[PDB]
>>> print(open('model-v9.tsv').read())   # TSV, C-alpha atoms and all ligand atoms
chain	number	residue	atom	x	y	z
A	30	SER	CA	-62.03	-41.27	106.27
A	31	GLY	CA	-58.51	-40.80	104.92
A	32	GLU	CA	-58.51	-37.05	104.14
A	33	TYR	CA	-56.20	-34.79	106.11
A	34	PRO	CA	-58.05	-34.05	109.45
A	35	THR	CA	-59.49	-30.59	110.05
A	36	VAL	CA	-61.35	-28.94	112.89
A	37	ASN	CA	-64.59	-30.15	111.38
A	38	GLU	CA	-63.62	-33.86	111.64
A	39	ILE	CA	-61.90	-34.04	115.02
A	40	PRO	CA	-64.48	-34.63	117.76
A	41	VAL	CA	-64.32	-32.26	120.73
A	42	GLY	CA	-61.27	-32.81	122.91
A	43	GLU	CA	-59.82	-35.36	120.54
A	44	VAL	CA	-56.69	-35.90	118.43
A	45	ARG	CA	-56.28	-37.52	115.05
A	46	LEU	CA	-53.19	-39.06	113.43
A	47	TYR	CA	-52.36	-39.03	109.73
A	48	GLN	CA	-49.86	-41.40	108.13
A	49	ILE	CA	-47.32	-39.34	106.17
A	50	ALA	CA	-44.82	-42.06	105.25
A	51	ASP	CA	-43.53	-45.34	106.62
A	52	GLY	CA	-42.82	-44.67	110.30
A	53	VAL	CA	-43.96	-41.03	110.09
A	54	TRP	CA	-47.29	-39.56	111.22
A	55	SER	CA	-48.60	-36.14	111.88
A	56	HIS	CA	-50.85	-35.43	114.80
A	57	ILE	CA	-53.70	-32.92	114.56
A	58	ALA	CA	-55.70	-31.32	117.33
A	59	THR	CA	-57.96	-28.26	117.85
A	60	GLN	CA	-57.62	-25.45	120.39
A	61	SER	CA	-59.24	-22.13	121.17
A	62	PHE	CA	-57.22	-19.00	121.69
A	63	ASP	CA	-58.61	-15.49	122.08
A	64	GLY	CA	-62.04	-16.75	121.14
A	65	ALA	CA	-61.08	-18.34	117.84
A	66	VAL	CA	-60.57	-22.05	117.06
A	67	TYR	CA	-57.46	-23.29	115.29
A	68	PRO	CA	-56.03	-26.64	114.19
A	69	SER	CA	-52.40	-27.44	114.80
A	70	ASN	CA	-49.95	-30.15	113.74
A	71	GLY	CA	-47.11	-32.10	115.25
A	72	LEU	CA	-45.06	-35.11	114.19
A	73	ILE	CA	-44.49	-38.68	115.35
A	74	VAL	CA	-41.45	-40.61	114.07
A	75	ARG	CA	-40.82	-44.29	114.73
A	76	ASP	CA	-37.48	-44.80	116.48
A	77	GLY	CA	-37.18	-48.65	116.43
A	78	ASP	CA	-39.61	-49.96	119.04
A	79	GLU	CA	-40.12	-46.46	120.47
A	80	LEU	CA	-41.52	-43.16	119.19
A	81	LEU	CA	-40.11	-39.65	118.96
A	82	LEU	CA	-42.74	-36.93	119.34
A	83	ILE	CA	-42.36	-33.47	117.77
A	84	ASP	CA	-44.50	-30.84	119.52
A	85	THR	CA	-47.38	-31.15	121.91
A	86	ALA	CA	-51.04	-31.15	120.86
A	87	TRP	CA	-51.61	-27.59	122.17
A	88	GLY	CA	-52.78	-28.01	125.69
A	89	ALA	CA	-52.73	-30.44	128.59
A	90	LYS	CA	-55.94	-32.30	127.82
A	91	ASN	CA	-55.21	-32.41	124.10
A	92	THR	CA	-51.79	-33.86	124.86
A	93	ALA	CA	-53.26	-36.52	127.13
A	94	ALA	CA	-55.63	-37.36	124.26
A	95	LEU	CA	-52.63	-37.50	121.91
A	96	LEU	CA	-50.92	-40.10	124.06
A	97	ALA	CA	-54.13	-42.18	124.14
A	98	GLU	CA	-54.54	-41.90	120.37
A	99	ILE	CA	-50.93	-43.04	119.83
A	100	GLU	CA	-51.53	-46.03	122.08
A	101	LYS	CA	-54.65	-46.92	120.11
A	102	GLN	CA	-53.25	-46.42	116.61
A	103	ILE	CA	-49.55	-47.27	116.95
A	104	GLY	CA	-49.00	-49.01	120.28
A	105	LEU	CA	-45.34	-48.08	120.78
A	106	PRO	CA	-44.16	-45.93	123.70
A	107	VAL	CA	-43.33	-42.25	123.28
A	108	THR	CA	-39.94	-41.92	124.95
A	109	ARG	CA	-38.76	-38.44	123.88
A	110	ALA	CA	-40.33	-35.22	122.67
A	111	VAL	CA	-38.86	-32.10	121.04
A	112	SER	CA	-40.68	-28.77	121.03
A	113	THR	CA	-39.85	-26.62	118.00
A	114	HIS	CA	-40.51	-23.23	119.59
A	115	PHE	CA	-41.83	-21.71	122.81
A	116	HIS	CA	-45.52	-21.07	122.02
A	117	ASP	CA	-48.29	-23.10	123.69
A	118	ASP	CA	-49.07	-25.01	120.49
A	119	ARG	CA	-45.56	-26.49	120.85
A	120	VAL	CA	-44.95	-26.75	124.62
A	121	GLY	CA	-48.47	-26.70	126.13
A	122	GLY	CA	-48.70	-30.29	127.33
A	123	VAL	CA	-45.09	-30.76	128.23
A	124	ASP	CA	-46.06	-31.29	131.92
A	125	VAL	CA	-48.45	-34.08	130.80
A	126	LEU	CA	-45.63	-35.61	128.78
A	127	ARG	CA	-43.22	-35.42	131.67
A	128	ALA	CA	-45.74	-37.15	134.00
A	129	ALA	CA	-46.14	-39.89	131.44
A	130	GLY	CA	-42.38	-40.50	131.59
A	131	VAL	CA	-41.51	-38.78	128.24
A	132	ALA	CA	-38.18	-36.98	128.23
A	133	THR	CA	-38.82	-33.46	126.89
A	134	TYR	CA	-36.29	-31.40	124.96
A	135	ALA	CA	-35.98	-27.95	123.37
A	136	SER	CA	-33.20	-25.52	122.51
A	137	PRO	CA	-31.96	-23.25	125.28
A	138	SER	CA	-33.48	-20.33	123.40
A	139	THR	CA	-36.90	-22.02	123.45
A	140	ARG	CA	-36.56	-22.89	127.11
A	141	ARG	CA	-35.72	-19.30	128.07
A	142	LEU	CA	-38.60	-17.90	126.02
A	143	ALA	CA	-41.05	-20.41	127.41
A	144	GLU	CA	-39.99	-19.58	130.96
A	145	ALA	CA	-40.37	-15.84	130.32
A	146	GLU	CA	-43.82	-16.35	128.73
A	147	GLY	CA	-45.14	-18.50	131.58
A	148	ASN	CA	-45.40	-21.51	129.30
A	149	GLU	CA	-44.41	-25.06	130.17
A	150	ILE	CA	-40.72	-25.70	129.95
A	151	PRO	CA	-39.10	-28.80	128.36
A	152	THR	CA	-36.60	-30.48	130.72
A	153	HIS	CA	-33.54	-30.91	128.56
A	154	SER	CA	-31.58	-28.41	126.48
A	155	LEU	CA	-30.59	-29.06	122.86
A	156	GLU	CA	-27.16	-27.54	122.24
A	157	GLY	CA	-25.60	-27.14	118.85
A	158	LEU	CA	-28.51	-25.16	117.35
A	159	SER	CA	-27.70	-21.57	118.27
A	160	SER	CA	-26.45	-20.32	114.88
A	161	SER	CA	-28.59	-20.23	111.73
A	162	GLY	CA	-27.76	-23.18	109.53
A	163	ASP	CA	-26.90	-25.38	112.48
A	164	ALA	CA	-28.08	-28.98	112.45
A	165	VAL	CA	-27.93	-31.84	114.89
A	166	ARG	CA	-29.15	-35.43	114.91
A	167	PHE	CA	-31.84	-36.53	117.34
A	168	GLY	CA	-32.88	-40.14	116.97
A	169	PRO	CA	-34.41	-40.68	113.52
A	170	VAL	CA	-34.53	-36.95	112.65
A	171	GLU	CA	-32.29	-34.00	111.97
A	172	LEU	CA	-33.05	-30.77	113.80
A	173	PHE	CA	-32.20	-27.59	111.91
A	174	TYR	CA	-32.20	-23.96	113.03
A	175	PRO	CA	-32.94	-21.83	109.94
A	176	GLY	CA	-32.80	-18.45	111.62
A	177	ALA	CA	-35.58	-16.21	112.94
A	178	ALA	CA	-38.91	-16.54	111.17
A	179	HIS	CA	-42.22	-17.18	112.93
A	180	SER	CA	-40.24	-16.90	116.14
A	181	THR	CA	-36.56	-16.33	116.91
A	182	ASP	CA	-36.17	-19.87	118.23
A	183	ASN	CA	-38.08	-21.87	115.63
A	184	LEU	CA	-36.61	-25.22	114.61
A	185	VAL	CA	-37.43	-27.37	111.63
A	186	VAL	CA	-37.25	-31.17	111.56
A	187	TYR	CA	-36.22	-33.45	108.70
A	188	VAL	CA	-36.86	-37.21	108.56
A	189	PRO	CA	-34.14	-38.42	106.17
A	190	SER	CA	-35.51	-41.94	105.74
A	191	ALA	CA	-38.68	-40.47	104.21
A	192	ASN	CA	-37.63	-37.04	102.93
A	193	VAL	CA	-40.23	-35.45	105.17
A	194	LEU	CA	-39.68	-31.81	106.12
A	195	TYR	CA	-41.64	-30.68	109.17
A	196	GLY	CA	-41.49	-26.91	108.99
A	197	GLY	CA	-43.49	-26.17	112.06
A	198	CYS	CA	-44.82	-22.66	112.41
A	199	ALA	CA	-42.12	-21.19	110.17
A	200	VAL	CA	-44.01	-22.77	107.23
A	201	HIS	CA	-47.61	-22.08	106.23
A	202	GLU	CA	-50.04	-24.17	104.28
A	203	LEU	CA	-50.74	-23.40	100.64
A	204	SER	CA	-54.25	-22.08	101.26
A	205	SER	CA	-53.08	-19.55	103.81
A	206	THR	CA	-53.70	-15.85	103.08
A	207	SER	CA	-51.93	-14.36	106.05
A	208	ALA	CA	-48.85	-14.97	108.00
A	209	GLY	CA	-50.72	-16.38	111.02
A	210	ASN	CA	-49.83	-15.25	114.55
A	211	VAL	CA	-46.89	-12.90	113.95
A	212	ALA	CA	-46.60	-11.44	117.37
A	213	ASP	CA	-43.14	-12.95	117.92
A	214	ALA	CA	-42.02	-13.07	114.31
A	215	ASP	CA	-39.18	-11.45	112.40
A	216	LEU	CA	-40.91	-10.62	109.09
A	217	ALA	CA	-37.68	-9.17	107.61
A	218	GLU	CA	-35.57	-12.27	108.35
A	219	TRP	CA	-38.30	-14.85	107.63
A	220	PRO	CA	-37.71	-15.08	103.83
A	221	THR	CA	-33.96	-15.46	104.40
A	222	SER	CA	-34.64	-18.29	106.89
A	223	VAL	CA	-36.96	-19.97	104.40
A	224	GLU	CA	-34.31	-19.70	101.71
A	225	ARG	CA	-31.94	-21.50	104.08
A	226	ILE	CA	-34.45	-24.33	104.50
A	227	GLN	CA	-34.88	-24.56	100.74
A	228	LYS	CA	-31.12	-24.78	100.23
A	229	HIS	CA	-30.60	-27.33	102.96
A	230	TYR	CA	-33.48	-29.70	102.08
A	231	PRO	CA	-33.87	-29.67	98.28
A	232	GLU	CA	-35.02	-33.33	98.20
A	233	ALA	CA	-37.93	-32.90	100.58
A	234	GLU	CA	-40.99	-34.71	99.28
A	235	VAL	CA	-43.55	-33.75	101.90
A	236	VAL	CA	-43.59	-30.42	103.74
A	237	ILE	CA	-45.73	-30.14	106.88
A	238	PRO	CA	-46.73	-26.72	108.24
A	239	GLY	CA	-47.36	-25.96	111.88
A	240	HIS	CA	-51.04	-25.42	111.11
A	241	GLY	CA	-53.02	-26.81	108.18
A	242	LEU	CA	-52.48	-29.18	105.30
A	243	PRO	CA	-49.17	-30.80	104.23
A	244	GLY	CA	-48.00	-30.39	100.67
A	245	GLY	CA	-44.76	-30.32	98.71
A	246	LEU	CA	-41.82	-27.93	98.45
A	247	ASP	CA	-44.15	-25.15	97.20
A	248	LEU	CA	-45.18	-24.48	100.79
A	249	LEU	CA	-41.77	-22.88	101.27
A	250	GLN	CA	-42.02	-20.28	98.52
A	251	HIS	CA	-45.70	-19.70	99.39
A	252	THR	CA	-44.67	-18.96	102.97
A	253	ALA	CA	-42.12	-16.37	101.84
A	254	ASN	CA	-44.79	-14.79	99.62
A	255	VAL	CA	-47.44	-14.55	102.38
A	256	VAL	CA	-44.95	-13.13	104.85
A	257	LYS	CA	-43.70	-10.48	102.40
A	258	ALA	CA	-47.21	-9.35	101.73
A	259	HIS	CA	-48.10	-9.23	105.42
A	260	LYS	CA	-44.98	-7.10	106.10
A	261	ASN	CA	-46.24	-4.75	103.36
A	301	LIG	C1	-53.88	-14.93	115.26
A	301	LIG	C2	-53.98	-15.81	114.04
A	301	LIG	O1	-53.11	-16.91	114.27
A	301	LIG	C3	-53.07	-17.94	113.36
A	301	LIG	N1	-53.76	-17.81	112.26
A	301	LIG	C4	-53.66	-18.78	111.33
A	301	LIG	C5	-52.90	-19.90	111.59
A	301	LIG	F1	-52.80	-20.85	110.62
A	301	LIG	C6	-52.16	-20.01	112.72
A	301	LIG	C7	-52.24	-18.98	113.67
A	301	LIG	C8	-51.50	-19.12	114.92
A	301	LIG	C9	-50.14	-19.46	115.09
A	301	LIG	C10	-49.09	-19.62	114.04
A	301	LIG	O2	-49.18	-18.85	113.03
A	301	LIG	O3	-48.12	-20.41	114.23
A	301	LIG	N2	-49.82	-19.56	116.39
A	301	LIG	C11	-50.94	-19.26	117.14
A	301	LIG	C12	-51.04	-19.18	118.54
A	301	LIG	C13	-49.89	-19.45	119.48
A	301	LIG	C14	-49.22	-18.14	119.93
A	301	LIG	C15	-50.26	-20.35	120.62
A	301	LIG	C16	-52.30	-18.83	119.03
A	301	LIG	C17	-53.39	-18.56	118.16
A	301	LIG	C18	-53.25	-18.62	116.77
A	301	LIG	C19	-51.99	-18.98	116.26
A	302	ZN	ZN	-45.81	-20.07	117.34
A	303	ZN	ZN	-48.06	-22.11	115.53
>>> encode(input="model-v9.tsv", output="structure tokens")
Amino acid sequence: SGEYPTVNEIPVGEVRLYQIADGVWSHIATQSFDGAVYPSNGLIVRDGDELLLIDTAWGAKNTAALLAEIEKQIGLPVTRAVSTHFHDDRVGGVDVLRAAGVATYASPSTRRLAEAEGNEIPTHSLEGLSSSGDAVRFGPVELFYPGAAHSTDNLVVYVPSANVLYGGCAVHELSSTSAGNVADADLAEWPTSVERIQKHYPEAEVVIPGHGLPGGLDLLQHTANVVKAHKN
């Protein structure tokens, strides 16, 4: 009923959308992994009479449900998708997208890591993102590579029309007390990568983490703090 969706308010197998700004939504879904249940976020950005999708809904059936929820709530076609790193909460569902005619994209780094992991692999490679601080335009967003953080390949996404910063899994929600799933992280580089985000996007009004509740710019410093304490 208008609050940011959580596992307790998303019916089983379902996806919810949340309006972030004009022409910007997040998508929220639930998945189990190693016997625990987690929410995860992605983004939807209106691109004229089409939609750009950022990240899958973490799984094939969740991603099919995402497409249905978009049709119900928005009614514009998803034409392109970008995955912001190689983990299954970002690429799991890419095959569903591709069979629904969505063109799927990721950096070459992400595509290599996904292939090596046995995860689904986006079709198209996003060049121009291989050095930290790199940025490229992609429809109504800017893609930015801040350096290694949650993963070596993680990308962040900025929606300039709305000053929305989608941090993905490099950014944690304010209530978080741990650095999440760090198996592929660089805890030493992570603060430096966050500082790059902070420097590059000082006008961000909304910051969206990969998992949990959106907030403001404070999510960035909070993330650096949680990571530093995990590392120690
Ligand atoms: C093990 C604890 O993990 C988390 N704890 C709290 C969170 F808010 C997020 C995660 C989490 C993340 C992430 O931190 O991005 N990624 C995950 C994955 C990927 C590899 C598919 C699986 C299971 C959990 C997570
Ligand atoms: Zn991840
Ligand atoms: Zn994640």
>>> residues_near_point(input="model-v9.tsv", point="(-51.3, -26.0, 107.0)", cutoff="6 Å", atoms="all atoms listed in the file", output="ChimeraX atom specification")
/A:201-202,238,240-243
>>> residues_near_ligand(input="model-v9.tsv", ligand="ligand ZN 303 (chain A)", cutoff="6 Å", atoms="only C-alpha atoms and all ligand atoms", output="VMD selection string")
chain A and resid 118 198 239
>>> residues_near_ligand(input="model-v9.tsv", ligand="ligand LIG 301 (chain A)", cutoff="9 Å", atoms="only C-alpha atoms and all ligand atoms", output="MDAnalysis selection string")
chainID A and resid 60:63 65:69 87 115:119 121 179:180 197:202 205:213 238:241
>>> atom_distance(input="model-v9.tsv", atom1="CA of residue 144 in chain A", atom2="CA of residue 158 in chain A")
18.7 Å
>>> closest_residue(input="model-v9.tsv", among="A:161, A:102, A:192, A:181", to="residue 49 in chain A", atoms="all atoms listed in the file")
A:192
>>> atom_distance(input="model-v9.tsv", atom1="CA of residue 215 in chain A", atom2="CA of residue 123 in chain A")
25.7 Å
>>> residues_around(input="model-v9.tsv", residues="residue 163 in chain A", least_positions_apart="2", cutoff="12 Å", atoms="all atoms listed in the file", output="short mmCIF file (atom, residue, chain, number, x, y, z; two decimals) with C-alpha atoms, in the coordinates of the input")
data_model
loop_
_atom_site.label_atom_id
_atom_site.label_comp_id
_atom_site.auth_asym_id
_atom_site.auth_seq_id
_atom_site.Cartn_x
_atom_site.Cartn_y
_atom_site.Cartn_z
CA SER A 136 -33.20 -25.52 122.51
CA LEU A 155 -30.59 -29.06 122.86
CA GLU A 156 -27.16 -27.54 122.24
CA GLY A 157 -25.60 -27.14 118.85
CA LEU A 158 -28.51 -25.16 117.35
CA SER A 159 -27.70 -21.57 118.27
CA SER A 160 -26.45 -20.32 114.88
CA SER A 161 -28.59 -20.23 111.73
CA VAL A 165 -27.93 -31.84 114.89
CA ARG A 166 -29.15 -35.43 114.91
CA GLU A 171 -32.29 -34.00 111.97
CA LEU A 172 -33.05 -30.77 113.80
CA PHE A 173 -32.20 -27.59 111.91
CA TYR A 174 -32.20 -23.96 113.03
CA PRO A 175 -32.94 -21.83 109.94
CA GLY A 176 -32.80 -18.45 111.62
CA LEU A 184 -36.61 -25.22 114.61
CA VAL A 185 -37.43 -27.37 111.63
CA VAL A 186 -37.25 -31.17 111.56
CA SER A 222 -34.64 -18.29 106.89
CA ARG A 225 -31.94 -21.50 104.08
CA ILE A 226 -34.45 -24.33 104.50
CA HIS A 229 -30.60 -27.33 102.96
#
>>> residues_around(input="model-v9.tsv", residues="residue 52 in chain A", least_positions_apart="6", cutoff="12 Å", atoms="all atoms listed in the file", output="ChimeraX atom specification")
/A:72-82,103,105,169-170,188-193
>>> residues_around(input="model-v9.tsv", residues="residue 44 in chain A", least_positions_apart="6", cutoff="12 Å", atoms="only C-alpha atoms", output="short mmCIF file (atom, residue, chain, number, x, y, z; two decimals) with C-alpha atoms, in the coordinates of the input")
data_model
loop_
_atom_site.label_atom_id
_atom_site.label_comp_id
_atom_site.auth_asym_id
_atom_site.auth_seq_id
_atom_site.Cartn_x
_atom_site.Cartn_y
_atom_site.Cartn_z
CA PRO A 34 -58.05 -34.05 109.45
CA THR A 35 -59.49 -30.59 110.05
CA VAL A 36 -61.35 -28.94 112.89
CA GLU A 38 -63.62 -33.86 111.64
CA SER A 55 -48.60 -36.14 111.88
CA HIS A 56 -50.85 -35.43 114.80
CA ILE A 57 -53.70 -32.92 114.56
CA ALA A 58 -55.70 -31.32 117.33
CA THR A 59 -57.96 -28.26 117.85
CA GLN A 60 -57.62 -25.45 120.39
CA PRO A 68 -56.03 -26.64 114.19
CA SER A 69 -52.40 -27.44 114.80
CA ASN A 70 -49.95 -30.15 113.74
CA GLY A 71 -47.11 -32.10 115.25
CA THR A 85 -47.38 -31.15 121.91
CA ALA A 86 -51.04 -31.15 120.86
CA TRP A 87 -51.61 -27.59 122.17
CA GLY A 88 -52.78 -28.01 125.69
CA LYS A 90 -55.94 -32.30 127.82
CA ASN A 91 -55.21 -32.41 124.10
CA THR A 92 -51.79 -33.86 124.86
CA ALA A 93 -53.26 -36.52 127.13
CA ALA A 94 -55.63 -37.36 124.26
CA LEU A 95 -52.63 -37.50 121.91
CA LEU A 96 -50.92 -40.10 124.06
CA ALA A 97 -54.13 -42.18 124.14
CA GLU A 98 -54.54 -41.90 120.37
CA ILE A 99 -50.93 -43.04 119.83
CA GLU A 100 -51.53 -46.03 122.08
CA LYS A 101 -54.65 -46.92 120.11
CA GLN A 102 -53.25 -46.42 116.61
#
>>> atom_distance(input="model-v9.tsv", atom1="CA of residue 125 in chain A", atom2="CA of residue 150 in chain A")
11.4 Å
>>> closest_residue(input="model-v9.tsv", among="A:39, A:126, A:143, A:46", to="ligand ZN 302 (chain A)", atoms="only C-alpha atoms and all ligand atoms")
A:143
>>> closest_residue(input="model-v9.tsv", among="A:216, A:83, A:235, A:230", to="residue 255 in chain A", atoms="all atoms listed in the file")
A:216
>>> closest_residue(input="model-v9.tsv", among="A:41, A:253, A:177, A:89", to="ligand ZN 302 (chain A)", atoms="all atoms listed in the file")
A:177
>>> closest_residue(input="model-v9.tsv", among="A:120, A:167, A:64, A:84", to="residue 147 in chain A", atoms="all atoms listed in the file")
A:120
>>> residues_near_point(input="model-v9.tsv", point="(-41.9, -31.4, 109.0)", cutoff="6 Å", atoms="only C-alpha atoms", output="number ranges by chain")
A: 186, 193-196, 236-237
>>> closest_residue(input="model-v9.tsv", among="A:187, A:162, A:128, A:182", to="ligand ZN 302 (chain A)", atoms="all atoms listed in the file")
A:182
>>> decode(input="model-v9.tsv", residues="range 124-192 of chain A", atoms="C-alpha atoms", output="PDB file, in the first residue's frame")
ATOM      1  CA  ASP A 124      17.468 -16.252 -21.058  1.00  0.00           C
ATOM      2  CA  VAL A 125      13.820 -15.349 -20.284  1.00  0.00           C
ATOM      3  CA  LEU A 126      14.511 -11.797 -21.403  1.00  0.00           C
ATOM      4  CA  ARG A 127      16.162 -12.940 -24.591  1.00  0.00           C
ATOM      5  CA  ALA A 128      13.169 -15.192 -25.439  1.00  0.00           C
ATOM      6  CA  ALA A 129      10.875 -12.250 -24.892  1.00  0.00           C
ATOM      7  CA  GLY A 130      12.845 -10.303 -27.510  1.00  0.00           C
ATOM      8  CA  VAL A 131      14.775  -8.054 -25.042  1.00  0.00           C
ATOM      9  CA  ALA A 132      18.304  -7.216 -26.123  1.00  0.00           C
ATOM     10  CA  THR A 133      20.594  -7.993 -23.171  1.00  0.00           C
ATOM     11  CA  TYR A 134      23.839  -6.182 -22.429  1.00  0.00           C
ATOM     12  CA  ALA A 135      26.701  -6.285 -19.906  1.00  0.00           C
ATOM     13  CA  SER A 136      30.370  -5.334 -19.814  1.00  0.00           C
ATOM     14  CA  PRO A 137      32.848  -7.828 -21.221  1.00  0.00           C
ATOM     15  CA  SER A 138      34.122  -8.359 -17.693  1.00  0.00           C
ATOM     16  CA  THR A 139      30.620  -9.323 -16.518  1.00  0.00           C
ATOM     17  CA  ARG A 140      30.106 -11.591 -19.499  1.00  0.00           C
ATOM     18  CA  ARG A 141      33.375 -13.462 -18.864  1.00  0.00           C
ATOM     19  CA  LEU A 142      32.606 -13.868 -15.154  1.00  0.00           C
ATOM     20  CA  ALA A 143      29.083 -15.030 -15.827  1.00  0.00           C
ATOM     21  CA  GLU A 144      30.332 -17.605 -18.328  1.00  0.00           C
ATOM     22  CA  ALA A 145      32.950 -18.891 -15.872  1.00  0.00           C
ATOM     23  CA  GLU A 146      30.353 -19.117 -13.056  1.00  0.00           C
ATOM     24  CA  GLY A 147      27.809 -21.014 -15.148  1.00  0.00           C
ATOM     25  CA  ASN A 148      25.395 -18.105 -15.005  1.00  0.00           C
ATOM     26  CA  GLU A 149      23.310 -16.785 -17.877  1.00  0.00           C
ATOM     27  CA  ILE A 150      25.216 -14.568 -20.229  1.00  0.00           C
ATOM     28  CA  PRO A 151      23.941 -11.250 -21.677  1.00  0.00           C
ATOM     29  CA  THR A 152      24.233 -11.143 -25.487  1.00  0.00           C
ATOM     30  CA  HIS A 153      25.923  -7.834 -26.124  1.00  0.00           C
ATOM     31  CA  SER A 154      29.141  -6.365 -24.730  1.00  0.00           C
ATOM     32  CA  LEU A 155      29.357  -2.837 -23.303  1.00  0.00           C
ATOM     33  CA  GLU A 156      32.744  -1.361 -24.202  1.00  0.00           C
ATOM     34  CA  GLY A 157      34.127   1.811 -22.749  1.00  0.00           C
ATOM     35  CA  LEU A 158      33.776   0.717 -19.104  1.00  0.00           C
ATOM     36  CA  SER A 159      37.017  -1.131 -18.417  1.00  0.00           C
ATOM     37  CA  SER A 160      38.842   1.536 -16.372  1.00  0.00           C
ATOM     38  CA  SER A 161      37.586   2.881 -13.037  1.00  0.00           C
ATOM     39  CA  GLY A 162      35.917   6.231 -13.562  1.00  0.00           C
ATOM     40  CA  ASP A 163      34.742   5.311 -17.032  1.00  0.00           C
ATOM     41  CA  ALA A 164      31.239   6.308 -18.068  1.00  0.00           C
ATOM     42  CA  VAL A 165      29.109   5.733 -21.125  1.00  0.00           C
ATOM     43  CA  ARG A 166      25.589   6.668 -22.159  1.00  0.00           C
ATOM     44  CA  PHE A 167      22.961   3.982 -22.670  1.00  0.00           C
ATOM     45  CA  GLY A 168      19.540   5.308 -23.567  1.00  0.00           C
ATOM     46  CA  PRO A 169      18.204   7.449 -20.720  1.00  0.00           C
ATOM     47  CA  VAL A 170      20.983   6.460 -18.265  1.00  0.00           C
ATOM     48  CA  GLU A 171      24.697   6.800 -17.719  1.00  0.00           C
ATOM     49  CA  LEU A 172      26.629   3.652 -16.869  1.00  0.00           C
ATOM     50  CA  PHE A 173      29.636   4.155 -14.603  1.00  0.00           C
ATOM     51  CA  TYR A 174      32.382   1.745 -13.556  1.00  0.00           C
ATOM     52  CA  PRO A 175      33.578   2.850 -10.095  1.00  0.00           C
ATOM     53  CA  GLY A 176      36.214   0.187  -9.609  1.00  0.00           C
ATOM     54  CA  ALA A 177      36.100  -3.114  -7.727  1.00  0.00           C
ATOM     55  CA  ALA A 178      33.724  -3.218  -4.775  1.00  0.00           C
ATOM     56  CA  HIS A 179      31.060  -5.883  -4.259  1.00  0.00           C
ATOM     57  CA  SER A 180      32.495  -7.508  -7.361  1.00  0.00           C
ATOM     58  CA  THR A 181      35.300  -6.573  -9.749  1.00  0.00           C
ATOM     59  CA  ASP A 182      32.825  -5.894 -12.555  1.00  0.00           C
ATOM     60  CA  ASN A 183      30.117  -3.957 -10.733  1.00  0.00           C
ATOM     61  CA  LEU A 184      28.537  -1.045 -12.576  1.00  0.00           C
ATOM     62  CA  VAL A 185      26.421   1.768 -11.225  1.00  0.00           C
ATOM     63  CA  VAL A 186      23.643   3.525 -13.138  1.00  0.00           C
ATOM     64  CA  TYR A 187      22.631   7.187 -13.026  1.00  0.00           C
ATOM     65  CA  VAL A 188      19.356   8.588 -14.387  1.00  0.00           C
ATOM     66  CA  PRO A 189      20.233  12.248 -15.053  1.00  0.00           C
ATOM     67  CA  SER A 190      16.680  13.419 -15.679  1.00  0.00           C
ATOM     68  CA  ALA A 191      15.771  12.445 -12.111  1.00  0.00           C
ATOM     69  CA  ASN A 192      19.093  12.467 -10.236  1.00  0.00           C
TER      70      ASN A 192
END
